[PDB]
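Read the structure below first, then the notes.
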Amino acid sequence: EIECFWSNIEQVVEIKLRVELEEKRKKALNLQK
Amino acid sequence: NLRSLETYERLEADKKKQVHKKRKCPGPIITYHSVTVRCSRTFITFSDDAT
Amino acid sequence: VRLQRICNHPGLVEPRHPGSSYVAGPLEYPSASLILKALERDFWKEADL
Amino acid sequence: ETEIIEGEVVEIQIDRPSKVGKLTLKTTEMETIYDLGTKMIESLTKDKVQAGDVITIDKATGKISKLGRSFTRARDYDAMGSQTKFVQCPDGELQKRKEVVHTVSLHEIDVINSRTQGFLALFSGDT
Amino acid sequence: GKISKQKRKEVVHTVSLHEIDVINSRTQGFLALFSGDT
Amino acid sequence: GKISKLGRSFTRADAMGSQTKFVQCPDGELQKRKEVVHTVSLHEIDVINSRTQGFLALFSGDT
Amino acid sequence: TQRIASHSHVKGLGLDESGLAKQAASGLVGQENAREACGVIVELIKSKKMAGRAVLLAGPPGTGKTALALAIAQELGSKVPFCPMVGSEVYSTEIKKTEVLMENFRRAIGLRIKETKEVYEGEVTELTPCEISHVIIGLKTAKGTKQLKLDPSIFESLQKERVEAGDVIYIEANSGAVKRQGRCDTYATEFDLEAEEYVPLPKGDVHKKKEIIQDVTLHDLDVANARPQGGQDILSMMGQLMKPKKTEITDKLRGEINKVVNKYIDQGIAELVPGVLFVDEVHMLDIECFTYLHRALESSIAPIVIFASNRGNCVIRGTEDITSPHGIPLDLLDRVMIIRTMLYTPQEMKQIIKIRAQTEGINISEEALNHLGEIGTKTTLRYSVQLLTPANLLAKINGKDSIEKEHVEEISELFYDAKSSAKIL
Amino acid sequence: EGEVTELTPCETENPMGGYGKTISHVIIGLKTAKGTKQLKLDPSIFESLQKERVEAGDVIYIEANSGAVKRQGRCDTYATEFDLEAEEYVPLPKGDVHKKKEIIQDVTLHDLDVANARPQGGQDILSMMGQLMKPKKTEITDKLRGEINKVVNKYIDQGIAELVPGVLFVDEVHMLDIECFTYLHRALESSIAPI
Amino acid sequence: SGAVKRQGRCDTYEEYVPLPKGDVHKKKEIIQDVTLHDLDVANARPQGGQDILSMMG
Amino acid sequence: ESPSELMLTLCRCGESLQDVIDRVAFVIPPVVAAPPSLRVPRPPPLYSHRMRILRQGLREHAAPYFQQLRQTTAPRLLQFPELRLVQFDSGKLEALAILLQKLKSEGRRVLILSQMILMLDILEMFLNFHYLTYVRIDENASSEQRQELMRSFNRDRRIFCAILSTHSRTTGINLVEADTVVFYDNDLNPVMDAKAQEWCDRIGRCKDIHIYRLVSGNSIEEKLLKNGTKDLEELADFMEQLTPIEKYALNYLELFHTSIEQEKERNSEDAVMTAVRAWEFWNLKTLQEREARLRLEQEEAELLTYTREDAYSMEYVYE
Ligand SMILES: Nc1ncnc2c1ncn2[C@@H]1O[C@H](COP(=O)(O)OP(=O)(O)OP(O)(O)=S)[C@@H](O)[C@H]1O
């Protein structure tokens, strides 16, 4: 059960990481714009 | 740095990640498992003593 | 442009459509309500058979 | 043109509380592990597939047809059971497409298309 | 209270004897007036 | 294990009356052996076996 | 490729603009008078205002009566209903022969009905019922998502098709027809192996209204309304389990359908295309059938009827002693216009044999053609055209690509005609 | 066949890894009048064991091949005279646990034709509707008879069936009409015909 | 017979009964003429919609 | 009882007779009508009650068989164009079927480039015909969605085809884990064609690339080729309401991470084989021991007494 909890947190971490890289791309685009 | 890459884009393309399923709960379960041992055997697993 | 569309797939110029039946509205048969009251027969004339 | 997967069952695991499962099939050349959806799990459960069964699975319908029991797994259990006769492991790829020819007569098509369960009239002559 | 999709109004229906006895021969005998399965 | 209700109690017939029928209590043994001789014809057996509800053909004649 | 039948060579009546028959054209040779009369009848059918007009093709066998009828059919085109029929088809085990004749009359009258088709198609996002007057169903396409309130009938058809969610469905509101054509494409990647087929989500609107032209006959409406298949009520469902026998459709159903069709014609949503009923071997009809045709041709709704008979003074069937000219009662012959087909000269027979050879892809030498024409003069036209395919087969066996006279002689010796066979009998 | 003395699962630390409760056999003790035998079945038989209301003291039949448990009832030893339920208490199976030997039944090709032409169909809409309609005799097609011929040939090749062709006695054959004699021409020339 | 029929739902509280002999307990002598054929056809098949399967009759 | 069989075929020597019916069952009635209705003003109460009773009773009688009763008696009001007509209507798709089957067996991945959105829909149908998984990247996809979809294709080798529009913007998608590129058609304007060619060449920067172009023989398509010069918020609001423990877990898993694989998971395969063989031997030994114990049980005299009614009532005759 604790492993399932940590895997759920891992999913959240992965989605947040993807969203943060996407926002990094957006910030670079706005900066060069 | 390597934690930034995506299991691709990496020159040393490591083998067979394929990230399998995490199962994630189905509560108490009954497993039916048939395997080759020349011969075939079935093992039925009960998750908990209640079931 | 049209010829290229035909070369890609003829379904771009004319699709194949599902074949359908013609749905005809039910025929309304009008008649008097007294017709259904035929064969009723009077209570106090029907015995227990 | 059908697309069937035909292989020897060397492993089948079905988890049941939606059901989860995994199935490994092998030809002489290759082995592949299949993560099973609920419909496929139900088909396998209905057809009672074990390790050592040679089966073909239709990719469109998921129909399971078992051709026999295989060279490797073969003998099966140490339970009541019965006698045994074994078939060969299929060769080549698991998915092999393949084209099958089905023959009918115009009368059969007429009878089947006439009566919504007119097919049994192909035997009773009740058309 | 019959429901259907500004005064009392009157309706005239002329029904043949055959219609009357086909309607009352079965539960849905009025269908036989069209199919002929009387 | 078939239950057949044949009547209502003899403690009323006491304000009732319907499709019901009134019977007085059985006397003697609760459990009884019984010999019943059924008279039929070969035709009756034929039409009973002709179909699932074929005994109705003994009435309609739709054999 | 297409199979060659006995009439595959007839592509029309071969008439010029003024209606005069070209000696050979559209696969027909000779019978110029009959072809011109058939052109007049074609114009009659195209005029579309005359009902119950009957023509009789009279002539000995082999003279091309059925060929001329099918030439008329070719002239009209696939748009106009051409119902072919044989006199032997009236004797049905289920319905009276009068009913068979009336049904054939009704299916020679065609309707082109423009119908608005209400289509709901999309991925089932949700399926929520409400006690059971409702089903709230969400449908997703490329254009967008919509949720719709549908009848209990559509819900219960959806349960019949077993659509749950992520399933691509196609609902026809008019008929209450639901099609589960698969699961959405987005769910293919879920599993390595799943027991269903995935279809891309619809790319159009969820709610599409489409105008389509439907080709139906009056008989289609009669049969649909006499054996109802729409409606989901239990009473009609249990009637669908009955053996689908043909029933003697009453004049009341036909009158009601006439009223409905007239309303459609007024509304502009239908157009009537009255066709032609072709009764070949009309001599097979008995006296009762002819006497019914007396009335059936007076109807203002009747189609154009074409009869063909090869009999000379046959007894009328069912009368047991009454000899009428074409096996047809005189009172019916008073209602028809007779088109007579004459016998063929040797040259016309040779032309017909060449046309049949061309249609069957057979090369025949001039010597072989002349010999086969001589045989046909001696035996019959039908016999000669039948020799062509076996003769070509023998020619291929010999390794030649054309029919020479020796092959025709061999096939003539191997097979017999009715006259030779009768001689040996 | 026998009375269920025990239903015990055989537990093992067997699996291909796993911290669960695993069984590799189901021990069924079957008791007949002759003796008792302990059968060890595929663990998958646990499903039909409780799908059927199989407990200790129940009379059961375990198809050697099909492997399907089938509760005939309860043993009549566990049956007091004060128990009203009936068609539940079956006598203890006689003889050995392991026996059903060979069942031999004689049929005609017409019996197979009739059986396969209209299925019994007593389970669904077929049941009520077909029984409610009168079961008329139908004109069985040659397709059905050819299929029956194929099936009987395969049965004979497998040794499950023996063909005993008989003799048809048509008395008052003069009562047949010309059509009947003309048919007899073709019926007498088939390889499947009787004498 | 114990047979029951609800003659109406008079919206006073759509038919209400008259009052010549408007008693609750009503009984009078009835005569019905029936032919033997009527009895035969009544007994030829079940009585219709009362029974589980005679409904399909 | 009576016999029965299913081994009976119809004309083919084959499958389960419902596939046969489905294969040949296609006719639809030209006209479908609901049964005529009896239009009576204020129908009598007795008639309406009788009809209601009959309908109610018939239901709840067919209720156990209602699904079956409906599968039967349900007319075919619709017949659709079968999926095989796609790939038969077009020779491009006929050749692409062979190409993609070979590429599937060889293990390569494919991205199909077509200018027409509608031909992309037709390609979706065609790919489902072959049970080939894909991802669709269109003009209508935003740049974020384009990147997300191409990235999902890169991640997953279980999806075989990438369906991409020559009219979409190939801005940031530089890495495509595919070996071969299929041009279903040549764009009519050189601007988009040139941009697509540059994108393919960019894909061809690393590792080898196979580019396929479909050209229809004896068509203007053949002529035109070889010339043509004639001229974020969701994560946020989801990150909120993340109770304290999970915010901590977020920080921890951010900094410390994990790795399930250790490059030696293969030992589990060999370890599992060893465990299975050892269990087979243990099971065999336990079975032999149980059989020895059963024989030892049999050794003792199983019968010592009998019953009284089977003792003083002669019980048997030698016979
Ligand atoms: N004038 C014609 N031109 C071309 N083919 C013809 C002509 N007349 C007859 N035929 C054909 O020769 C063959 C025999 O004629 P059919 O029309 O089939 O028979 P039939 O003699 O018309 O039938 P009936 O009713 O006894 S006259 C068919 O292949 C016809 O197409």
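Order determines the names: the first chain of the structure tokens is A, the second B, and so forth; residues in each chain are numbered 1 upward, and ligands are numbered 1 upward as they are shown.
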Set the distance at 8 Å and use only C-alpha atoms: which residues neighbour segment 17-32 of chain C once local chain neighbours fewer than 3 positions away are removed? I'd like the list as a PyMOL selection string. (chain C and resi 35-36) or (chain E and resi 12-15) or (chain G and resi 115+174-175+214+221+225+256) or (chain J and resi 28-41+77-81)
Please, which residues have at least one atom within 8 Å of an atom of ligand 1, using only C-alpha atoms and all ligand atoms, listed as a PyMOL selection string? chain G and resi 5-10+24+27-31+57-68+280-281+308-310+341+348+352+355-356+381-382+385
Selection export as an mmCIF file, in the first residue's frame, atoms kept: N, CA and C atoms:
```cif
data_model
loop_
_atom_site.group_PDB
_atom_site.id
_atom_site.type_symbol
_atom_site.label_atom_id
_atom_site.label_comp_id
_atom_site.auth_asym_id
_atom_site.auth_seq_id
_atom_site.Cartn_x
_atom_site.Cartn_y
_atom_site.Cartn_z
ATOM 1 N N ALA G 5 -25.264 -14.540 -70.683
ATOM 2 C CA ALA G 5 -26.571 -15.175 -70.682
ATOM 3 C C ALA G 5 -27.169 -15.113 -72.083
ATOM 4 N N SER G 6 -28.380 -15.651 -72.217
ATOM 5 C CA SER G 6 -28.996 -15.772 -73.532
ATOM 6 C C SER G 6 -29.433 -14.430 -74.105
ATOM 7 N N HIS G 7 -29.480 -13.375 -73.292
ATOM 8 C CA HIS G 7 -29.927 -12.062 -73.743
ATOM 9 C C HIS G 7 -28.875 -10.978 -73.557
ATOM 10 N N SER G 8 -27.636 -11.343 -73.231
ATOM 11 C CA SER G 8 -26.627 -10.343 -72.907
ATOM 12 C C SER G 8 -26.305 -9.432 -74.084
ATOM 13 N N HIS G 9 -26.685 -9.814 -75.299
ATOM 14 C CA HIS G 9 -26.362 -9.022 -76.478
ATOM 15 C C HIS G 9 -27.348 -7.893 -76.740
ATOM 16 N N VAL G 10 -28.509 -7.891 -76.093
ATOM 17 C CA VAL G 10 -29.520 -6.873 -76.359
ATOM 18 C C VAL G 10 -29.237 -5.654 -75.489
ATOM 19 N N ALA G 24 -29.919 -3.626 -88.062
ATOM 20 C CA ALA G 24 -29.150 -4.243 -86.987
ATOM 21 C C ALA G 24 -28.546 -3.141 -86.136
ATOM 22 N N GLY G 27 -27.727 -4.772 -80.733
ATOM 23 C CA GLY G 27 -27.776 -6.207 -80.550
ATOM 24 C C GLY G 27 -29.021 -6.886 -81.065
ATOM 25 N N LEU G 28 -29.840 -6.198 -81.851
ATOM 26 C CA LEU G 28 -31.058 -6.767 -82.405
ATOM 27 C C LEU G 28 -31.019 -6.667 -83.921
ATOM 28 N N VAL G 29 -31.445 -7.735 -84.588
ATOM 29 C CA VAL G 29 -31.516 -7.789 -86.041
ATOM 30 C C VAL G 29 -32.915 -8.241 -86.424
ATOM 31 N N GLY G 30 -33.477 -7.614 -87.446
ATOM 32 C CA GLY G 30 -34.808 -7.983 -87.872
ATOM 33 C C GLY G 30 -35.850 -7.575 -86.845
ATOM 34 N N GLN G 31 -37.047 -8.134 -87.020
ATOM 35 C CA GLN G 31 -38.195 -7.779 -86.188
ATOM 36 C C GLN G 31 -38.377 -6.266 -86.151
ATOM 37 N N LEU G 57 -46.944 -9.737 -76.862
ATOM 38 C CA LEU G 57 -45.984 -10.151 -77.870
ATOM 39 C C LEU G 57 -46.361 -11.555 -78.323
ATOM 40 N N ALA G 58 -46.767 -11.679 -79.581
ATOM 41 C CA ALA G 58 -47.249 -12.933 -80.135
ATOM 42 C C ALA G 58 -46.348 -13.374 -81.276
ATOM 43 N N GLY G 59 -45.923 -14.628 -81.228
ATOM 44 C CA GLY G 59 -45.130 -15.198 -82.285
ATOM 45 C C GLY G 59 -44.582 -16.543 -81.871
ATOM 46 N N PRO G 60 -44.157 -17.347 -82.837
ATOM 47 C CA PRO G 60 -43.637 -18.672 -82.510
ATOM 48 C C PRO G 60 -42.409 -18.564 -81.627
ATOM 49 N N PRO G 61 -42.004 -19.653 -80.979
ATOM 50 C CA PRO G 61 -40.802 -19.598 -80.143
ATOM 51 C C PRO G 61 -39.571 -19.277 -80.976
ATOM 52 N N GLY G 62 -38.608 -18.617 -80.340
ATOM 53 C CA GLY G 62 -37.378 -18.238 -80.999
ATOM 54 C C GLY G 62 -37.415 -16.897 -81.695
ATOM 55 N N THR G 63 -38.562 -16.227 -81.723
ATOM 56 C CA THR G 63 -38.722 -15.004 -82.496
ATOM 57 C C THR G 63 -38.286 -13.750 -81.747
ATOM 58 N N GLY G 64 -37.890 -13.866 -80.484
ATOM 59 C CA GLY G 64 -37.300 -12.747 -79.782
ATOM 60 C C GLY G 64 -38.240 -11.940 -78.921
ATOM 61 N N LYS G 65 -39.337 -12.532 -78.452
ATOM 62 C CA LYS G 65 -40.284 -11.785 -77.630
ATOM 63 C C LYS G 65 -39.649 -11.353 -76.313
ATOM 64 N N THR G 66 -39.040 -12.297 -75.593
ATOM 65 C CA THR G 66 -38.349 -11.940 -74.360
ATOM 66 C C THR G 66 -37.190 -10.996 -74.648
ATOM 67 N N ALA G 67 -36.520 -11.186 -75.785
ATOM 68 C CA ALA G 67 -35.453 -10.273 -76.175
ATOM 69 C C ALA G 67 -35.981 -8.857 -76.350
ATOM 70 N N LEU G 68 -37.148 -8.708 -76.979
ATOM 71 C CA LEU G 68 -37.716 -7.376 -77.160
ATOM 72 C C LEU G 68 -38.156 -6.774 -75.831
ATOM 73 N N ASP G 280 -43.848 -13.150 -68.824
ATOM 74 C CA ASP G 280 -43.502 -14.108 -69.858
ATOM 75 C C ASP G 280 -44.251 -15.407 -69.611
ATOM 76 N N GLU G 281 -44.510 -16.141 -70.686
ATOM 77 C CA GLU G 281 -45.300 -17.363 -70.601
ATOM 78 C C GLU G 281 -46.649 -17.075 -69.947
ATOM 79 N N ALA G 308 -46.185 -12.148 -73.185
ATOM 80 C CA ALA G 308 -45.568 -12.868 -74.289
ATOM 81 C C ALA G 308 -46.112 -14.285 -74.316
ATOM 82 N N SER G 309 -46.510 -14.744 -75.501
ATOM 83 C CA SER G 309 -47.056 -16.083 -75.656
ATOM 84 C C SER G 309 -46.674 -16.629 -77.023
ATOM 85 N N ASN G 310 -46.306 -17.906 -77.053
ATOM 86 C CA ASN G 310 -45.916 -18.582 -78.281
ATOM 87 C C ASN G 310 -46.921 -19.636 -78.719
ATOM 88 N N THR G 341 -44.309 -11.090 -83.699
ATOM 89 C CA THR G 341 -42.930 -11.370 -84.067
ATOM 90 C C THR G 341 -42.924 -12.442 -85.146
ATOM 91 N N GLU G 348 -30.858 -13.253 -91.364
ATOM 92 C CA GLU G 348 -31.038 -12.706 -90.026
ATOM 93 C C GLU G 348 -30.512 -13.673 -88.974
ATOM 94 N N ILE G 352 -27.620 -12.997 -86.197
ATOM 95 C CA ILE G 352 -27.806 -13.247 -84.769
ATOM 96 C C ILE G 352 -26.713 -14.169 -84.249
ATOM 97 N N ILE G 355 -23.615 -12.173 -83.799
ATOM 98 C CA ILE G 355 -23.700 -11.324 -82.610
ATOM 99 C C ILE G 355 -23.466 -12.146 -81.347
ATOM 100 N N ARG G 356 -24.067 -13.334 -81.273
ATOM 101 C CA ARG G 356 -23.853 -14.198 -80.116
ATOM 102 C C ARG G 356 -22.399 -14.645 -80.028
ATOM 103 N N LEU G 381 -32.811 -21.621 -84.714
ATOM 104 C CA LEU G 381 -31.827 -20.610 -84.342
ATOM 105 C C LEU G 381 -31.214 -20.913 -82.981
ATOM 106 N N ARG G 382 -32.032 -21.351 -82.023
ATOM 107 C CA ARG G 382 -31.525 -21.603 -80.680
ATOM 108 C C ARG G 382 -30.457 -22.687 -80.689
ATOM 109 N N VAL G 385 -26.869 -21.236 -81.972
ATOM 110 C CA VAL G 385 -26.128 -20.405 -81.034
ATOM 111 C C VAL G 385 -25.613 -21.220 -79.858
#
```
Once you count only C-alpha atoms, which residues of chain G turn out to be within 12 Å of chain B? Could you give them as a ChimeraX atom specification? /G:190-192
If you measure from atom CA of residue 10 of chain E to atom CA of residue 33 of chain C, what distance in Å do you get, rounded to one decimal? 12.9 Å
Closest atom pairs, residues of chain J within 10 Å of chain B, only C-alpha atoms, as JSON lines:
```
{"residue": "J:151", "atom": "CA", "partner": "B:6", "partner_atom": "CA", "distance": 9.0}
{"residue": "J:154", "atom": "CA", "partner": "B:8", "partner_atom": "CA", "distance": 7.4}
{"residue": "J:155", "atom": "CA", "partner": "B:8", "partner_atom": "CA", "distance": 7.1}
{"residue": "J:156", "atom": "CA", "partner": "B:18", "partner_atom": "CA", "distance": 7.4}
{"residue": "J:157", "atom": "CA", "partner": "B:18", "partner_atom": "CA", "distance": 8.1}
{"residue": "J:158", "atom": "CA", "partner": "B:18", "partner_atom": "CA", "distance": 8.7}
{"residue": "J:175", "atom": "CA", "partner": "B:9", "partner_atom": "CA", "distance": 7.4}
{"residue": "J:176", "atom": "CA", "partner": "B:9", "partner_atom": "CA", "distance": 9.5}
{"residue": "J:177", "atom": "CA", "partner": "B:8", "partner_atom": "CA", "distance": 8.4}
{"residue": "J:257", "atom": "CA", "partner": "B:3", "partner_atom": "CA", "distance": 9.0}
{"residue": "J:260", "atom": "CA", "partner": "B:19", "partner_atom": "CA", "distance": 9.9}
{"residue": "J:261", "atom": "CA", "partner": "B:17", "partner_atom": "CA", "distance": 8.5}
{"residue": "J:263", "atom": "CA", "partner": "B:15", "partner_atom": "CA", "distance": 9.3}
{"residue": "J:273", "atom": "CA", "partner": "B:37", "partner_atom": "CA", "distance": 8.3}
{"residue": "J:276", "atom": "CA", "partner": "B:37", "partner_atom": "CA", "distance": 6.5}
{"residue": "J:277", "atom": "CA", "partner": "B:37", "partner_atom": "CA", "distance": 6.9}
{"residue": "J:279", "atom": "CA", "partner": "B:37", "partner_atom": "CA", "distance": 9.4}
{"residue": "J:280", "atom": "CA", "partner": "B:37", "partner_atom": "CA", "distance": 7.4}
```
Can you write just those residues out, C-alpha atoms, as a compact mmCIF listing (two decimals), in the first residue's frame?
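To be explicit, this is the file written out as part11.txt:
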```
# COMPACT_ATOMS: atom_id res chain seq x y z
CA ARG J 151 6.93 12.82 -27.49
CA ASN J 154 9.06 8.70 -29.10
CA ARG J 155 8.45 7.19 -25.65
CA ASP J 156 6.31 4.28 -26.81
CA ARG J 157 7.43 1.72 -29.37
CA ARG J 158 4.05 0.01 -28.94
CA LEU J 175 13.84 13.80 -32.73
CA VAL J 176 11.51 11.17 -34.21
CA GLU J 177 12.31 7.58 -33.21
CA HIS J 257 14.56 9.81 -7.16
CA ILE J 260 13.52 0.05 -10.18
CA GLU J 261 15.82 -1.54 -12.77
CA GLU J 263 20.49 -4.05 -15.05
CA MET J 273 13.41 -21.16 -13.50
CA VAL J 276 10.18 -23.68 -10.51
CA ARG J 277 12.46 -26.70 -10.95
CA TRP J 279 9.43 -26.70 -6.51
CA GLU J 280 8.80 -29.45 -9.04
```
Counting only C-alpha atoms, what are the residues of chain B within 6 Å of chain H, and for each of them which pair of atoms is the nearest and at what distance in Å, to one decimal? Sort the table by chain and rising number, as a tab-separated table.
```
residue	atom	partner	partner_atom	distance
B:43	CA	H:24	CA	5.1
B:44	CA	H:23	CA	5.5
B:45	CA	H:22	CA	4.1
B:46	CA	H:21	CA	4.7
B:47	CA	H:20	CA	5.0
```
So the first atom is atom CA of residue 13 of chain H and the second is atom CA of residue 33 of chain D; what is the distance between them in Å, to one decimal place?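 Separating atom CA of residue 13 of chain H from atom CA of residue 33 of chain D is a distance of 24.5 Å.
Distances from H:162, H:177, H:172, H:147 to chain J were compared using only C-alpha atoms, and the smallest one belongs to H:147.
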Name the residues of segment 106-154 of chain J that fall into alpha helix (DSSP H) according to DSSP on the backbone, using the chain letters and numbers of this document, as a ChimeraX atom specification. /J:106,117-129,143-154
Wanna dump the chain E-chain J contacts at 8 Å for me, each residue with its shortest atom pair and the distance in Å to one decimal, counting only C-alpha atoms, ordered by chain and number, as a Markdown table?
```
| residue | atom | partner | partner_atom | distance |
| --- | --- | --- | --- | --- |
| E:2 | CA | J:42 | CA | 7.0 |
| E:27 | CA | J:51 | CA | 7.8 |
| E:30 | CA | J:38 | CA | 7.3 |
| E:31 | CA | J:36 | CA | 6.9 |
```
Next, the residues of the selection above should be written as a PDB file, in the first residue's frame with N, CA, C and O atoms.
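And here is the file that came out, result-v4.pdb:
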```pdb
ATOM      1  N   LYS E   2     -56.580  11.918 -21.695  1.00  0.00           N
ATOM      2  CA  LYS E   2     -55.739  11.442 -22.783  1.00  0.00           C
ATOM      3  C   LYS E   2     -54.847  12.577 -23.268  1.00  0.00           C
ATOM      4  O   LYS E   2     -55.308  13.700 -23.487  1.00  0.00           O
ATOM      5  N   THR E  27     -56.726  -9.672 -30.240  1.00  0.00           N
ATOM      6  CA  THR E  27     -56.272  -8.558 -29.418  1.00  0.00           C
ATOM      7  C   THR E  27     -55.804  -7.399 -30.286  1.00  0.00           C
ATOM      8  O   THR E  27     -56.116  -6.236 -30.005  1.00  0.00           O
ATOM      9  N   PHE E  30     -57.080  -5.471 -35.667  1.00  0.00           N
ATOM     10  CA  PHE E  30     -57.111  -4.390 -36.642  1.00  0.00           C
ATOM     11  C   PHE E  30     -55.931  -4.458 -37.602  1.00  0.00           C
ATOM     12  O   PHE E  30     -55.998  -3.886 -38.693  1.00  0.00           O
ATOM     13  N   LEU E  31     -54.851  -5.140 -37.216  1.00  0.00           N
ATOM     14  CA  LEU E  31     -53.733  -5.334 -38.130  1.00  0.00           C
ATOM     15  C   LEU E  31     -54.127  -6.206 -39.313  1.00  0.00           C
ATOM     16  O   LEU E  31     -53.615  -6.014 -40.420  1.00  0.00           O
TER      17      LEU E  31
END
```
Tell me which protein, DNA and RNA residues are within 12 Å of segment 15-28 of chain I, counting only C-alpha atoms, leaving out same-chain ones fewer than 6 positions away, and put them as JSON, numbers by chain. {"C": [43, 44, 45, 47], "I": [6, 7, 8, 9], "J": [45]}
Any idea what's packed within 6 Å of segment 38-54 of chain D, counting only C-alpha atoms, ignoring anything in its chain fewer than 2 positions away? Could you give it as a list in words?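 The neighbour list is residues 34, 35, 36 and 40 of chain B; 7, 8, 9, 10, 11, 19, 36, 66, 67, 68, 69, 70, 73 and 74 of chain D; 194 and 195 of chain G.
If you take only C-alpha atoms and a cut-off of 12 Å, the residues of chain B that reach chain A are residues 3, 4, 5, 6, 21, 22, 23, 24, 25, 26, 27 and 28 of chain B.
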All residues 9 Å or closer to residue 408 of chain G, only C-alpha atoms, same chain fewer than 2 positions away omitted, as a PyMOL selection string: chain G and resi 368+371-372+387-388+390-392+394+403-406+410-413
Counting only C-alpha atoms, chain J residues within 12 Å of chain I, as an MDAnalysis selection string: chainID J and resid 44:46 49:62
To one decimal place, how far is atom CA of residue 93 of chain J from atom CA of residue 183 of chain J in Å?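 Distance reported for this atom pair: 11.8 Å.
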